[PDB]
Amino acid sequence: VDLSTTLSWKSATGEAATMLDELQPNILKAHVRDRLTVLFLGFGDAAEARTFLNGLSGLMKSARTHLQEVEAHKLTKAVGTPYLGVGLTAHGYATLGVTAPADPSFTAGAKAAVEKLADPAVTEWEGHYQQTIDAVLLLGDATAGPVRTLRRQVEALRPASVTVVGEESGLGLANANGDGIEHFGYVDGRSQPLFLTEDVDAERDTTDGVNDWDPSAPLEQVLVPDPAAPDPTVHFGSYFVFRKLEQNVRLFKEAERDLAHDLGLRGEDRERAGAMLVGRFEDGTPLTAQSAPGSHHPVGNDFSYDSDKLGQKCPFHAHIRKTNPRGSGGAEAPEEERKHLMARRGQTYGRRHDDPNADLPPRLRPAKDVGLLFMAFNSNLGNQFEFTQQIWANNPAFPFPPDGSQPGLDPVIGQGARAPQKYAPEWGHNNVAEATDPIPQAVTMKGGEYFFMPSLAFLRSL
């Protein structure tokens, strides 16, 4: 298996083909999960846990079967089957007495990452995230029905010594254009690393294109040999970040309002204040390409910041620019910068009674108990999720503006002390203004953990 480039899944042979037969879904290509049940488990007895996992492997489809289902849906509107994802924590490997993946963030666990990420202390996390977690189960589908069915089958197999220490439910949100959004109202999950050549072709043929931004990512950017598997040369897994992030929509919308007022913004153009925080409008037109919304036919991703090196269109500290400078970061060569990028597979949680894109005042938005079940696959947690959160988002110095100044923290997910930032009131011009206050932190980490999704052959071998 060649991990140095993308893979053409349809014409893969030999080991690469085997790898696909033994890989879980949702990794090389996201699985539909508009209804998602998340189950965190505790292992009371090692032998019983191994038996449980073995039975789970029986309910699991491979990456390749999933891909076929995807192709079938496009071709013939076929529905496909549910997603059963299985991850193990370092502690869960210890309970099983099995050789574990060696990523040091994985080994230490998310509770140990609290200091370097500037996370709230573990004592401030929700109760179930304070407990020792051995495993996560992901049950996902387009609709609630088959999730209920799958849950019953999982239950059937579950022994009493495998406890459920916690559960979450994901509910996908969409706008009128049919694009998925997060609670602040913005199209989310547009920009993804593409590991499959067929996905890169699709992106080229059916979106704005891939002329300016190449979304390709080598297999090594997500896949890891499964160390305890019968044959790590063909049996692969991936590291998995789960973090429950609460969104105070109310405060975020007040923040949009106050920044607009601060910058003298007027009329509908007041919406651009929000775009400055995120890097896209709600719809989400890239702020680096347009001063206003409307480019969602379809939502584009074919852009870089090479004509925006001064940040006068999209500010340096906008969320997507902080988290993917697209070669403009200034700290390392573009070819190395992009190695920190990762596959995001999150799902929103919570129910609300307001259309997230409706024209409503901030007071009518929820302030808690909705948000994002942030999820991602990494081949190297320290160099991908943690790098992005710590070295980019939380870092006041990054990315490097040509004038050598510090743009400050990512306003959407930045953690730690914040200060007022600078913005360009006039799109594409050199006028600069310093807000009267820092953007308030409207996202709160409620608890999370690190896992590894092992190969199917490993799970069967237990």
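The first residue of the sequence shown is number 1, and the count goes up from there.
- Stretches 217 to 225 and 353 to 361 differ in mean C-alpha B factor, with the higher average recorded for 353 to 361.
- Looking at 77 to 85 and 324 to 332 together, the entry lists the larger mean B-factor for 77 to 85, computed on C-alpha atoms.
- Considering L381, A112, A260, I391 together, the PDB entry gives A260 the largest C-alpha B factor.
- Take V187, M276, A144, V249 and read off each C-alpha B-factor from the entry; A144 has the highest.
- In the PDB entry, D369 places in the middle third of its chain by CA B-factor.
- Ranked within its chain, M453 lands in the lowest third, by CA B factor from the PDB record.
- In this PDB entry, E271 carries a Cα temperature factor that places it within the highest third of its chain's modelled residues.
- In the deposited entry, the Cα temperature factor of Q347 places it in the middle third of its chain's modelled residues.
- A16 sits in the highest third of its chain by CA B factor, as recorded in the PDB entry.
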